[PDB]
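Structure assessment
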Amino acid sequence: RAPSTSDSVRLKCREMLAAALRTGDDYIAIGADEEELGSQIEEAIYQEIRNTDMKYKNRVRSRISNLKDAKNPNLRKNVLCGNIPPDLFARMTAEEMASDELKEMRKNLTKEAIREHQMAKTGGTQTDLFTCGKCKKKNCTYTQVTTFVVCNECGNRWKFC
Amino acid sequence: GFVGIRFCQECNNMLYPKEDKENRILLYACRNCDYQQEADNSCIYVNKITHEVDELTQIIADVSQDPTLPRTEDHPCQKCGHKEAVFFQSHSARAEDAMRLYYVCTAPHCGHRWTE
Amino acid sequence: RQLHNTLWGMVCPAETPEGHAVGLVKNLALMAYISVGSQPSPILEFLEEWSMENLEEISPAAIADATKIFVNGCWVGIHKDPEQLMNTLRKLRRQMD
Amino acid sequence: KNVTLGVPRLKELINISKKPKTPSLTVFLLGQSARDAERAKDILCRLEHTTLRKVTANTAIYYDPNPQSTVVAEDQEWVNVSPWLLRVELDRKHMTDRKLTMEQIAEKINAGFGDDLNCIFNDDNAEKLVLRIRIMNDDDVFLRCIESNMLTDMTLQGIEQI
Amino acid sequence: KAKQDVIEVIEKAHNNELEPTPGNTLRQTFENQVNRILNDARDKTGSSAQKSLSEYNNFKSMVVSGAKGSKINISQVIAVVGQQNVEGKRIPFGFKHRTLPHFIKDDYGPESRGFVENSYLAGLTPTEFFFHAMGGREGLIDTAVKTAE
Amino acid sequence: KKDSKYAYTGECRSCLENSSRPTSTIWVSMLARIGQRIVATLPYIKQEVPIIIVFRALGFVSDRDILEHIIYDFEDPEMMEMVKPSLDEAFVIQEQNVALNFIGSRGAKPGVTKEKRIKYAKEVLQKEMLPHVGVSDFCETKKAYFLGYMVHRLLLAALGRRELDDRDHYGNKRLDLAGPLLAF
Ligand SMILES: [Zn+2]
Ligand SMILES: [Zn+2]
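Residues numbered from 1 in each chain as written, not as in the entry; some residues may be left out. Chains lettered and ligands numbered in written order. Part of a larger assembly, values for the part shown. Heavy atoms only, no water. Residues with missing side-chain atoms left out of burial classes, pairs and counts.

- The record names cryo-EM as the way this model was obtained, at a resolution of 3.10 Å.

What follows is the structure in structure tokens.
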């Protein structure tokens, strides 16, 4: 049970969180105490911040927006059903609270960006007919133009005329 | 949306914006004249960082009658449904990264353009 | 110094010095010919006769849907039918009149 | 990519210049990031200079008299609660690629210009990554100047030069 | 085969299927792929020409002895000259979006950008002859500036 | 040109016809960086002048007329935003006399008095810049149209809607044979 708070700001934040959780009526369907969940979330937020300063108000506003985001009521339902403990929701980040589709899209974009940041490997005809003298390995790639040799694993560089 | 210049009525000059502190509204004044007019667009300045410009708005129908422009039949027009058509790249500097074509129908009185 | 693409059939792409002046000295192609010069007045009159609004008296709003005619770099007059004007000009030059 | 070897590089090395032609570093990762690209992408992002211009898409200024009026249709101000504001909407693909969050962006934008503005960021669930920059306490051009100078250089995440 | 492959690459680029290779823009990756295809074709042709020589051939004798020449010289003489690059890139568009008046606009094809498909034994088409001239001129300019510096 | 403060430069070598005076050059450039402030380099003027002042000096008080000469269509606000900076820059020049005074003040031989500066400005604006269009008593209209055309081309180049002109394209070159060489 979240301890009661005599702070007007804390009470207002708890009421706002309870109202946000009541959006969608999922509280009735899950039989969850919306007021209790809101109080627990507010207590967790206060403990994390320890002050009802701009950081705490911003965190409360972000949490309320996440809960009332009708584009992903799955998170709200999970919170009302206990899937996300109030401490986890308080400590959860925007990426964590993102809906399933948004999370998948973000992951795909991040992977695409990571791939695009890379550098294209140097081309060549990989072969094991040449022995690298710097590592003793047989894997390497050759380029004809004088036949330049690039070690595969060791990376020995040499040319043959 | 964008914003287009609106000139004065008497002096015919550039009209700057002004926020009416009294009636709390948006007005356009003249530097020289004292002409005022109540604004309607409720926007002042917009910047397009991506510069998403539609090349079709720049293409013109006259390009069709060009003797040094390729022609194909596999992309018939839509409106007139003609067979012959021309195609070319953006032909515009600062092309970010694209060679997407812009087909233009080859027939008088049609001037149709499209992209695939 | 680099041999530009436009020098096709005007300047020999092979003949040139190989010292410090490589690429600067150039030779005309066998078929190359240089215009000696003429006068614009006959062309100005010929264009004036056609339905070519003169630049001095023309609604500015009418420049958009039109074509600007430059002669020797003088923006003079404006036409509303480039496709026919160019054809008439080409035929006239072909006949040499 | 470009290294400019040969006579130009020799000349640069001989003539110690304050600005070479192709300056560059070869940073070697140390931790586990040296193996998996996943934990090196973040390092690269944090070493690469990022600015509003790299994450922004459009920037429209509006003279919205009443904040709750919200001439534009966005249900983010009423929840959160000068007759003008800047709606600096951000790109998603770029922001994801650099892996930033509106929280840090807002903190940085507020701190850099002091407690003179109030950036009402937006939740990371809405499709549009809108923002709202307002000034509280010539004023028209002040927004233009501030937006110009911040867009030109803000250093959201990374160092300069790079 | 090389021509067909470059045509397919151009088709994919035109229809927006060629995804940008990492670290490069779409045009850059398109150019890189085309150059790799042409270089591979030239190498394959040169290898085929080399393997097709006879011990009594004199080019091969001089090259193997290393006195004067190289395998690339033989490949150009017999198999195919190859790409005629300038400033480390393919022939530019001197005219409006095209190399020479003969070719049509937006013709990135191999021969329309410099690819000398013939060989020095079978003569050269005029367009590729001009492009070869441009390559030689670039070489001479580089020689002069190097000697000066 | 990048090795300078101007992002673009609208060069134009004017020469009427083998005239006694040498060819005059008009550079209509734009500052790179407000931003996007257009300038000009008239002959015999050491400093630069904003284009709007020049247009007003040519006898165009109204702003709408200046824009019409410069921009041909008002339906593309994307282009208008590029000229608004330079337009608002010179907001303290409306009458023609003040414009002439401003132009003449930068002259190489600044008239000790106001009338001399005005006369010098008028002469330089009617005989030194763009001679080829016309140097008669009443040719200000065509000169203004040509200047607006140059500005329009510069704006088109800046927007990238039209690639820049190559410097080595022989289409932009002419050959001086024995004739012109001896005539000089
Ligand atoms: Zn007015
Ligand atoms: Zn059609």
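1. Quick look at the sheet that holds strand β1 (residues 15-20) of chain B
Residues and elements named next belong to chain B.
- One open sheet holds the three strands; their spatial order is β1-β2-β3, and the pairing between them is antiparallel. Every interior strand has two partners, whereas the edge strands, β1 and β3 (36-38), have only one. Adjacent strand axes in the sheet meet at a mean angle of 35° when their direction is disregarded.
- Bridge analysis of strand β2 (residues 25-30) against β3 gives three bridges, and the strand direction is antiparallel. Counted as the bridge partner of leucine 27 is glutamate 38 from β3. (Pairing = 2+ DSSP bridges. Helix = DSSP H or I, 4+ residues; strand = E, 2+ residues; numbered from the N terminus. Axes fitted to C-alpha atoms, helices over the stretch in contact; angles between N-to-C directions.)

2. Focus: the side chain of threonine 16 of chain C
- Summarising the element assignment, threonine 16 of chain C is placed in the segment before α1 (41-49).
- A polar atom in the side chain of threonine 16 of chain C sits 3.3 Å from the backbone nitrogen of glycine 23 of chain C.
- Ignoring anything within four residues of it in the chain, the contact list for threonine 16 of chain C reads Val22, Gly23 and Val25 of chain C together with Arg137 of chain E. (Polar contact = N/O pair within 3.5 Å; in protein donor to acceptor, adjacent residues only side chain to side chain. Contact = heavy atoms within 4.5 Å.)

3. So, the packing of aromatic side chains
- Ring centres of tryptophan 75 of chain C and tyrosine 72 of chain F lie 6.0 Å apart, and the angle between their planes is 55°; on these two criteria the pair is classed as tilted. Residue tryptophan 75 of chain C is located in strand β2 (residues 74-79), and its partner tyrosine 72 of chain F is located in the loop between α2 (63-70) and α3 (77-89); the two belong to separate chains.
- One aromatic cluster is present, built from ring pairs that chain together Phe70 and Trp75 of chain C together with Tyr72, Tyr145, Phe146 and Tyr149 of chain F.
- For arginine 106 of chain F, the ring lying beneath its charged end belongs to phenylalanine 102 of chain F, and the centroid distance is 3.5 Å. (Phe/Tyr/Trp six-rings, centres within 6.5 Å; stacked < 30°, edge-to-face > 60°. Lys NZ or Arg CZ within 6 Å of the ring centre and 35° of its normal.)

4. Here we look at the interface of chain B and chain F
- In this complex, chain B contributes 21 residues to the contact, which on the side of chain F involves 20 residues.
- A breakdown of the residues in the side of chain B that touches chain F according to their chemical character gives 12 nonpolar, eight polar and one charged. (Nonpolar A, V, L, I, M, F, W, Y, C, P; charged D, E, K, R; others polar.)

5. What to know about the arrangement of the chains
- The top pair by number of contacts, from a total of 10 pairs of chains in contact, is chains B and F.
- One thing to see here is that chain A and chain B don't touch, and their nearest C-alpha atoms sit 14 Å from each other.
- Across all C-alpha pairs, the smallest distance from chain A to chain F is 27 Å, and the two are not in contact.

6. Focus on the sheet that holds strand β4 (residues 157-160) of chain A
Residues and elements named next belong to chain A.
- One open sheet holds the four strands; their spatial order is β1-β2-β3-β4, and the pairing between them is antiparallel. Across the chains shown, the open sheet's two edge strands, defined by having one partner strand only, are β1 (125-127) and β4. The mean angle between the axes of side-by-side strands here comes to 30°, regardless of whether they run parallel or antiparallel.
- Looking at chain direction, strand β3 (residues 147-151) and β4 are connected through four bridges and run antiparallel. The residue of β4 that forms the bridge with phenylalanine 148 is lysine 159.

7. Some points on the interface of chain A and chain D
- In this assembly, nine residues from chain A lie in contact with five residues from chain D.
- Those elements giving two or more residues to the side of chain A that touches chain D turn out to be α4 (54-68), α7 (94-97) and α8 (100-117) of chain A.

8. Some words on the environment of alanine 57 of chain F
Residue and element names in this part refer to chain F.
- In this fold, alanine 57 is placed in helix α1 (residues 51-57).
- Put simply, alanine 57 and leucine 42 are 15 residues apart on the chain and 13 Å apart in space, counted from C-alpha to C-alpha.
- Apart from the residues within four sequence positions on either side, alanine 57 is in contact with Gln96, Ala99, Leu100, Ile103 and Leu125.

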